[PDB]
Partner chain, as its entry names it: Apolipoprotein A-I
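Take a look at this single chain in structure tokens; it is the form solved without its partner chain.
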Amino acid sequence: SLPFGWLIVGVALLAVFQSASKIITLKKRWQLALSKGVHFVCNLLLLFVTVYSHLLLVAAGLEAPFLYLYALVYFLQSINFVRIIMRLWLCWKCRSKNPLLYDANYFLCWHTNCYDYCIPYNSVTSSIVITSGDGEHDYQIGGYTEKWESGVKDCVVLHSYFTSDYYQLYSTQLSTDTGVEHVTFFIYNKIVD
């Protein structure tokens, strides 16, 4: 017969890992990588505990209201599986590892000789302001920051799952125009022609 106690220890281990995932502070790079690993462990434990309960009900007699309920579990996990492999396809698309870490909607990216940059972004917004600080030089858009290696390009691309939009550097803002020393603003406009 199938034993009962393995389901109980799986629930307790799932509770430990879920309550630990919910209080990660998500501030630095290693904290984001740690929380993504703990999220993967949580979904593995949830998948294990639900197939274990379905096997128990197979041995005891599984009802039809429970048939479509466990069917709902497996269907939503299949949709989640195709989302993860699309995230890996997006990770290949931008050629940087930030699609697995940062969990945003869109990603702004341009290619250099030392780095293939990518910075998180929330929507298509018709104008993007990249602010590079003086000296550490680092490009930031809305708080998310990536360190400077090579230099700026004219056309940057906003990537997502199924879309891609291009922006051209229309004009740049020095410190003479604004008065804010030690920064420089690059202003991009969306090209549709």
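Residues that one form lacks are left out of the comparison. Superpose the two forms; the largest set of C-alphas matching within 1.5 Å is the rigid core. Numbering follows the first chain given and starts at 1.
Novice: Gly135: absent from a third or more of the other PDB entries compared?
Specialist: Across the other compared entries, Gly135 is absent from at least a third.
Novice: Do any residues of the deposited sequence lie unmodelled between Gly61 and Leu62, and which range holds their number: none, 1 to 3, 4 to 9, or 10 or more?
Specialist: In the deposited sequence, nothing is left without coordinates between these two.
What follows is about the form deposited with its partner chain bound, which we do not show.
Novice: Is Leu100 one of the residues lying within 4.5 Å of its partner chain in the entry with it bound, judged by heavy atom distances?
Specialist: Contact with its partner chain, no.
Novice: Using a 4.5 Å heavy atom cut-off, state whether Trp89 contacts its partner chain in the entry with it bound.
Specialist: Yes, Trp89 lies within 4.5 Å of its partner chain in the entry with it bound.
Novice: Spell out, yes or no, whether the shortest heavy atom distance between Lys147 and its partner chain in the entry with it bound is within 4.5 Å.
Specialist: Output for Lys147 is no: heavy atoms all beyond 4.5 Å of its partner chain.
Novice: Since only the chain is shown here, I'm wondering whether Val82 would be in contact with its partner chain in the entry with it bound (any heavy atom pair within 4.5 Å).
Specialist: Contact with its partner chain, yes.
Novice: Any residue of 142 to 180 with a heavy atom within 4.5 Å of its partner chain in the entry with it bound counts; write them all down in order.
Specialist: Contacting residues: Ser160, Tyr161, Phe162, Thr163.
Novice: Which of these moves by 2 angstroms or more at the C-alpha between the shown form and the other one, core superposed: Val129, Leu62, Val124, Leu46?
Specialist: With the rigid core fitted, the residue that moves is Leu62.
Novice: Send over the list of consecutive residue runs, 3+ long, where the C-alpha shift is 2 angstroms or more at every position between the shown form and the other one on a core fit.
Specialist: Run found: 62 to 65, no others.
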